[PDB]
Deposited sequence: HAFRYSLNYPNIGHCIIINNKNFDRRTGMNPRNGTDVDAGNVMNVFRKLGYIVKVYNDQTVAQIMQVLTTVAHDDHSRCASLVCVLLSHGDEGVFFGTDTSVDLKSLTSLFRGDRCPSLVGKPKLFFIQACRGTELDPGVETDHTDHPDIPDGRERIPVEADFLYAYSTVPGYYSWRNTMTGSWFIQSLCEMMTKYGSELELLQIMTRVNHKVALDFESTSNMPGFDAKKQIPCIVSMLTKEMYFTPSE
């Protein structure tokens, strides 16, 4: 059929980063210090690959809806793909604007095939750094028609139900691992191969340190959800 998504387009595509740091006091949510380190790394990595990167800082739900609805109604005929990086608080199934929460389904379904015709058949890649609940992982010691939901990737920082971890100096565990593995393998491996090595790095090299009771020595594994129908490479040749 065609084993890999085509890069035969003027632009590899757009990279939209929603980077939320400071939250409405009334929500009780804390600032996400170190998220600027995350967003800056992501920006340079996807700029190097040729994406047109745009960063939106401290966005409310309705501002996110607006930004993403404009991108979905834009024309992507000349783009090979779409990348969206989401950095915020969250809970199970939801993402936080600066003001309150919104269903992730509401963000991503804006790019469904029947609502975004210029991206039909093209990879729509979402990287989501946000909590998905409040559980902690204690770790364990060892020794043609197509479906409208097709061609999405949802690379979540953590398992459903669980907290996701962030360092205030180096940024979130998942995003600094993604940037390091993109930089090292972005021109040699395909995306799910890259994400498996993200998984390994987060799983093995990070463990929490905290004096807050119950929060010490915890682990994290990311959760890579693929509806992709082809291999995704970021360069024409390996």
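- Where C-alpha coordinates are absent, the deposited sequence of this PDB chain has only the segment 144-154.
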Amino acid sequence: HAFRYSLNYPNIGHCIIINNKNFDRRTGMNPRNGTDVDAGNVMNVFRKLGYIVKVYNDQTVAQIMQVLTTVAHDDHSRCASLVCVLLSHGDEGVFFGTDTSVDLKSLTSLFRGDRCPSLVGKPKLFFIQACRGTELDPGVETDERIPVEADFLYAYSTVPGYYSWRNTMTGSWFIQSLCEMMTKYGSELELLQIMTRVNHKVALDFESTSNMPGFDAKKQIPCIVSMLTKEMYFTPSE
From here on, numbers count along this sequence of modelled residues.
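- Mean C-alpha B-factor is higher over 207-215 than over the other stretch, the pair under comparison being 207-215 and 177-185.
- Averaged over CA atoms, B-factors in the entry run higher in 98-106 than in the other of 153-161 and 98-106.
- Of the candidates 59, 33, 41, 199, the PDB record gives 33 the highest C-alpha temperature factor.
- Ranked by Cα temperature factor within the chain, residue 125 sits in the lowest third according to the deposited record.
- In this PDB entry, residue 87 carries a Cα temperature factor that places it within the lowest third of its chain's modelled residues.
- In this PDB entry, residue 131 carries a Cα temperature factor that places it within the lowest third of its chain's modelled residues.
- Sort the chain's modelled residues by C-alpha temperature factor and residue 20 lands in the middle third, per the entry.
- Ranked by C-alpha B-factor against the other modelled residues of its chain, residue 63 falls in the middle third.
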